[PDB]
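Quick notes on the structure that follows.
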Amino acid sequence: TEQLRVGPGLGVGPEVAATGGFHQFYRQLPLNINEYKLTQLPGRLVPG
Amino acid sequence: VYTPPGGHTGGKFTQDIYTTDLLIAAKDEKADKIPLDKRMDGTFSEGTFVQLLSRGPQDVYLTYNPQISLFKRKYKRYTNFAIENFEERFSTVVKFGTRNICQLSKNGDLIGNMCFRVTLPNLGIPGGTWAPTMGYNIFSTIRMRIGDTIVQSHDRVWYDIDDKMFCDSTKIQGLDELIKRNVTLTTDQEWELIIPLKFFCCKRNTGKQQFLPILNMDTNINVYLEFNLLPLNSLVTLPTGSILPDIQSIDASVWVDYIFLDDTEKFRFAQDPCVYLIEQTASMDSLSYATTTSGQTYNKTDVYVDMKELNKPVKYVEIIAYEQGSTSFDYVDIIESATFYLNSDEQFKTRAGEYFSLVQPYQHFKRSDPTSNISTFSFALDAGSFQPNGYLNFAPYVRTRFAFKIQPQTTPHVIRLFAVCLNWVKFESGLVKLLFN
Amino acid sequence: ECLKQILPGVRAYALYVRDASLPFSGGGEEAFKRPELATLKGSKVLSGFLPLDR
Amino acid sequence: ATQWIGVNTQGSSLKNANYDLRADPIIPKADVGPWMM
Amino acid sequence: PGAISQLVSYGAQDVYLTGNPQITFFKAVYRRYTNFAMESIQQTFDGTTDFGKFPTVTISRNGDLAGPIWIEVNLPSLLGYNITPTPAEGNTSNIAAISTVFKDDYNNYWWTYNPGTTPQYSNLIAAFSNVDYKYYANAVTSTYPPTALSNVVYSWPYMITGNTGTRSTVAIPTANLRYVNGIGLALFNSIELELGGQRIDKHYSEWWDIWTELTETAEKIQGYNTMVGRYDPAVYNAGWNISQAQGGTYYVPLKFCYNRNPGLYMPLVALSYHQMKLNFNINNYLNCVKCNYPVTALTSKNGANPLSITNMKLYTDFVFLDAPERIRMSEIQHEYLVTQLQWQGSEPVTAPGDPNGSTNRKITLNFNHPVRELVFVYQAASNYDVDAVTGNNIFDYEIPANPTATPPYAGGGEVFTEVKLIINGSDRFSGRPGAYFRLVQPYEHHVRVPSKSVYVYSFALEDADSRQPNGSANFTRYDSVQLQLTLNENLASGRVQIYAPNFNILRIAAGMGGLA
Amino acid sequence: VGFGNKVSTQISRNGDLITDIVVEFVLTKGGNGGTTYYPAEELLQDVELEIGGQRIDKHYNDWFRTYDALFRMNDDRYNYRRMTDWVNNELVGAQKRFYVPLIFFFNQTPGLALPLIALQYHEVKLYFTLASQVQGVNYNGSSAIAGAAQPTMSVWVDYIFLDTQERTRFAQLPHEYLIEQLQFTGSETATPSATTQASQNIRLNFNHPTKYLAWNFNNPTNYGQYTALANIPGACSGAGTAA
Amino acid sequence: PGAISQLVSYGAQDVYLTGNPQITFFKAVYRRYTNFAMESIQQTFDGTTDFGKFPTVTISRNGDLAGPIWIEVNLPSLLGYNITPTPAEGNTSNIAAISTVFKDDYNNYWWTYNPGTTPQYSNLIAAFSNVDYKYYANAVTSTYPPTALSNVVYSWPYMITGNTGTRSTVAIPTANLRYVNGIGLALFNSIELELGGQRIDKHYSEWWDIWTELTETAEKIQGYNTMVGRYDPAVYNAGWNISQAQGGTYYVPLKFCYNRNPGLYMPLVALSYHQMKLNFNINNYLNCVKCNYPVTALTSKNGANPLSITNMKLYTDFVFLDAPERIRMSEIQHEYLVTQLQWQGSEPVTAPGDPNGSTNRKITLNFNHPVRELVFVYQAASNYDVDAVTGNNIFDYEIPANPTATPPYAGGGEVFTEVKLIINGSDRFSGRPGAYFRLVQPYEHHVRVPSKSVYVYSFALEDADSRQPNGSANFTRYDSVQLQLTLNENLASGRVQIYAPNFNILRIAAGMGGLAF
């Protein structure tokens, strides 16, 4: 058989040999867990 | 600056005339090819993101074109049933030294597991003790008679071997307490023995279900259990000058778990024919000593067991040795090597006794010899599975034997081989018959 | 729910009257079948001798 | 109908017994689950 | 010859076993899964996490399905805590870290060695064995290096009293202060699981030990025991220290149907509006220690710390699923097969002389869904009490010693002699002895048979949960259920607990969850 | 029923609506006058209430004491004391029937009466935890009282029977009841021992519109002791004399 | 009444369990299989099978599939061998088969007994207990037979010095010479499995020890220790000798996927051009033994044999198929999902008291194929050395008793305090205390908890290969992976041996096999 000496890359198909060099570029941020508990309350004026 | 190896766009594998099947379908049918790299949810360690999205061509066998999930589990819905526990009685007074026959009452729709219960009367001899394992030492033979035919038979030695070979470890300590094994029972106290009966029934035997369709046994065709008990003279040891008080009646019964079914199956089992795969046993021994015409006895350097009476597909055999006179438990390893013949042809290269005791059992349970000296030989990849994984059919053979090479003995030991073989029992038209004899 | 009881009920009854009417199932050699040996200890009988043709 | 004797409104232990010696009128039931409306 | 000959020979039975083959055993087969990855992610606590507190933990939607949960508990080492009543022996004192009047040479501790003195080196405090690595009290000295060694210092921070004779006096405590063997389970009297505010399940300290002894596998019990304790009674009641009387990290699993079965991992991806919470019930620090002295203060020497828990951190093992699974999970309605635990209590006396009762007792069982089994355990001594001395050993399902009868009776087993379950006034089955329920039922149904006397009865053909129904009894159609106990005649005056794991269905739809 | 045990009730459905619930205890005290202090509600260690298995609230004996201290006034709190304690300098051996009304959302006023008629799927179930340490009945301080008798307990529920018109409406129409809940977890104080004013900042964990916060500083040994003991009349045992 | 009330009133909630039934628990079924038979056939070695040799075995195409393989090793008892520097008292001298000055009467050994002498029989050498079957030294004598038996003689070839006085000198050698506990595994440093010269897998003595502890069941591991000579340290370190210092036949399994999973049995019928061969690496003569003296060599008392291996046989269980399958096996190509091991060695100073280390140590990993689990084995002690004195006890992955610090520290355990894995520079998981990986991980996922300091981490959900993958981490696409280990401060320098069992595809076609990357 043919040996597929596949390397580094991220998020790619089985036909792809490698895409990365030493640091693959793409990453994603989380969604900020328990954010729903946090409200960012607006301020108000005092009549003064 | 030079073009990186493989090109500025990451290098790819070509699609040639040798690439087939998954290495192509995985890419064209890739279910997650559509998302614009938004496949994963949030709140994670980045390495987990990397792992989840780092599949290669070697993964087309594992995670491409999925068939199932590990988490979208389904369960199967089952026919409604419930179990009631009935106590069956012996027709007459239960005594030691005779055959005590218990008739079943056909209480339920299926018979599941069965257990025999007996107490030991308090003979009242302060220096007296009972047999090492009264849970088995008393049961010379147990048979299950189904109509006119016998489905299976077992005796004291097989039962103890079964436990020492197919009782899974987390149950042994509880079982030893249950059958009062490895303990000394004195004759001052009345002891309660509860003994499981390793029939072709559901559990206790590495089996699955194999229920008895009791409803379709018609009229005067019933289930009888034959409990052949040894006389007390072989069971209880008394000090010199102590006279056996004797037992005129025994408190004994049989616990049978009866299952009642929903109407659908309730009638099907009563009416429709059913065939079950069952396990039957045989016992073939050979003496370590030989006798001649003048009555002289000589020890055998080489002793073989003729398995000529065994005519069934065998899953495995079990080999023990024990002193001829001490007809009791606690077995001894007296075998240096052994080999197997079919019609005088070798089946495998002679192996040492340690192979049969320590190695061969790997196939199945209880590959150990803490106090046990039980060795086996299998004809199947596993012994325990209900599935008929493999067997050797002895029906067409005329000269089968295991030849055991031993050191010359001073104690008259006997080598005893058990076979466990497959058969079928059919319940049809009110009758129960075996397919093969 | 009714048909779930009636349908196996009808099947069960038809089989009941089948057996309630005649002895056993009516089956002959199919029911009253003793087990087969099917071993070869004596499938070839060694006829003791072969006489000459005369 | 042997499985249907002693049946409650769903699998709960209501002490079925009619403690209220009266009529018990019917409660309308729209099959809206997660959030009634 | 060999296997080749075996293949040539043919029997009639073969037509039923190898004829027209359906499967083979030598062609490996497997199925394919949507790629997923696991991660154990820490959860936070709302509230104080120490002895006697009731913190709440909300399990956040970190992944798509919330699987196994482990609680990491960091307990202090009590060998350094005083028991204020000080019945005797002056509690405890550190030897090595303080009291610099003591000198350490060749790991031997001597009182105030004067380097300018005579060959009579000094008064010995403790000897050290360079091959055993243990300290010894009252070692024999005819020369500076001690020779014969005895009286092993099983408890290192022993007491010393000075200004008595010409030298101070050293002795080893006789009171072994230690954690209840099952400390990782004893700490938490209960944990409730709720989703959306609806209670789903609840475990009790006793249950985890009962389930472990009843449905655990071989060669993991030593591992499990190491994580939560549970030193076998045969060595725990031998008075061991150092190993049984130390703090450190304990790992407590939560064995819910939603934690030990991948198919039931809580589908939080489909529960955007309902979070699930764990409500904790933790014991008081004046508990879970089976001490020789009555315990009252149990408070540190170094300051006044009341045996606080140093850390408590739970981790949920989340699975992250790929796109097609996450899409189906949020769009498709699900009905998950789940298990709930219920239990009942009663308090018999088993006729202690006085007319307070008999050996014939009934317990009413108020259970509410199909039940897998009934599990009966018996806690009677001071092992249901709060005292430390012969008390608090809650995982002690046996008959205590009680030689306060003409026979100086103790122990013996066979807590119950016969039981029968009565359903709606009628027997469900004919009575069977305690041995039947202690050994035969688990021999047939469960993966192990219990060491501690635990009596079980199953409604299943065989069962250890097994991730698939296999028979149940529906207690919603039983208007009156009583379990009749025939008791032994040498039981103490304590409580009976009956547990009944049962079925329900968890419906997941439109971001909200709940039980039928 | 017994000290330290747990019992529960399932409210029968003999009516349309329910409002008050009164828990009865019959106790015998083991000491002379002044030995007890609210034994009826110390005993009622807590009551949890759920509908169909859904938790609605839970009240604790200390909440009952805190609530009484705050919200019951001069006539109703003395009558409350009459219902929960001995108030006439009764002597050892006195036997009294006690009434502990519950303080759930539906039992302090008819306007929030709980509609059992409209709950054909769910039962209303109450869990009662009885204290093991009850001052003057089972223990005097930490010392057990030999011969102490178990309580007799009963729970009474006040049912409302409606006419045909309203019975139909309550059964057929949907309802939204605006109810109260208690929120509670235990915690430790930071009381300073000497030559200092210690302080603590304890995190609160509450999650619905809150009418009020309330708190006390309790000696866990003595039910309702929210102040220090002192040699002031009524402030400690034997106060004012040499004992 | 009875179970009928339960049967009948199954109730509304139970509709999910018993409604519209799909299966029955009351009909036992089985499937018909493909006729086969097994034969155990002995293979031979090419090359000397002794210490320090690298023999190979070619597995002959006797059957259709090659199943389990066991190595049957015949070792001499070594108490018949001398420690050449003679550290003390003549390590061994046979006193039964040789030296006619020894007399034997009632199994009691005497010095030059003269039958014509007085009632003072002679000088007793060794007393024999007819009930215990043991020999005793320095027994009390007076009647012809000795009256009191003590000082049990465990090693029969004791040391004698003759003709120095009125009695010979009899001493029990103070030299408990024995094979390392783990002789069954230690004898073999490594073994390779290849098809056609191309290596597929390679196992090491360390892995076999760890895997057995990690993935073995009760009442099999106990036999494993007997046939694969190994002993729990609880008894081995108690000073046992004659009960353990034995030779004889040992049975070492090769736990390859091709040997353990019936479905992955090597289909030699389909491999006409590639033979399956095993390459052995046997340990050295001065190894796999332990003593309380500096052993430099062990040689026979009779002759000069340097404690060679007596014999060695390889037994392969071959599967023979009937014709229908044998034909299909040849004509149809196969693709098997198989496992292999990968590892990297590293010998850090490992946070010693010595100032050449630090407790924050990272080990860069070099794995590629999709990994099911990581396993870390700790070897940092005198037991990592080849010395016989406390050495060679390689299967002891604990902190040594090394009291070379202000506190006389020994043992204790907790080799690692925190473990974290980093992939592509970022954490794969929040760091957890070492006990997480010694106790929790193997409890949750694996069959057994080693209960010996073993660290594991799974990428799969509840399996131990289990003949089906349940998840993996594909290392082939990772930019860089590091294992971060927070060390204790009571460690010796030594090796950290990291294994990473992984999956690959074995393609077999046209009589040829090979590993597909």
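Points to keep in mind about this one:
Labels A, B, C, D, E, F and G are assigned to the chains in the order they are written; within every chain, residues are numbered from 1.
Here is the rule we use: contacts are C-beta pairs under 8 Å (C-beta built on N, C-alpha and C of every residue); 3 or more make two chains touch, one makes a residue touch a chain.
Here's who's who by UniProt: B = Major capsid protein VP54; E, G = Capsid protein.
Comparing the chain pairs A-G and C-E, the larger number of C-beta pairs in contact belongs to A-G. Relative to the centroid of all protein Cα atoms, the closest per-chain Cα centroid is that of E.
Distance from the chain A centre to the chain B (Major capsid protein VP54) centre is 55 Å, each centre being the mean of its Cα atoms.
Centroid to centroid, with C-alpha atoms defining each point, chain C and chain F lie 77 Å apart.
Mean C-alpha position of chain A lies 51 Å from that of chain D. Remark: chain A and chain E (Capsid protein) have CA centroids separated by 41 Å (rounded to whole angstrom).
Counting partner chains per residue, chain B (Major capsid protein VP54) has residues 38, 40-41, 43-46, 48, 50-51, 54-56, 58-59, 61-62, 64, 70, 76-78, 81-84, 168-170, 209, 259, 264, 347-348, 381, 388-390, 392, 394-396, 435-436 touching two or more of them. Contact with two or more other chains is made by residues 36, 38-39 of chain C.
Chain pairs that touch, as defined above: A-B, A-E, A-G, B-C, B-E, B-G, C-E, D-E, D-F, D-G, E-F, E-G. Interface residues of chain E (Capsid protein), counted against chain C in their complex, comprise 11-13.
Only residues 4, 6, 9-13, 15, 18-19, 23, 26-27, 30, 33, 37-38, 40-44, 46, 49-50, 53-60, 64 of chain B (Major capsid protein VP54) touch chain A when the two sit together in their complex. On the side of chain D, the complex with chain G (Capsid protein) involves touching residues 2-3, 5-8, 10-11.
Per the touch definition, chain B (Major capsid protein VP54) reaches chain C in the complex via residues 218, 263-264, 267-268, 271-272, 311, 394-396, 398, 428-431, 433-437. Interface of chain D with chain F (complex): residues 9-10, 12-15, 17, 19-28, 36.
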